[PDB]
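First, one chain by itself: the form deposited in one PDB entry, in structure tokens.
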């Protein structure tokens, strides 16, 4: 129920869930086929790149 973001990304464009190369995100929603809704290290649910993140849990 998590993913490892092997790509950095800290900004604020489309509310995309930011992260740092080698981060973990808890994916709970996977509507799109690349941008899934996962949580950050604070629970903040946002858009996470499946191509930039791996499947962990």
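Positions refer to the first chain, counted from 1.
Note that the form deposited with a partner chain bound isn't included here; everything after this is about it.
For residue 49, a non-hydrogen atom is located within 4.5 Å of its partner chain in the deposited bound form, even though that partner is not displayed. Of the heavy atoms in residue 34, some are within 4.5 Å of its partner chain in the deposited bound form. Residue 56 falls outside the set of residues with a heavy atom inside 4.5 Å of its partner chain in the deposited bound form. The closest non-hydrogen atom of residue 13 lies within 4.5 Å of its partner chain in the deposited bound form.
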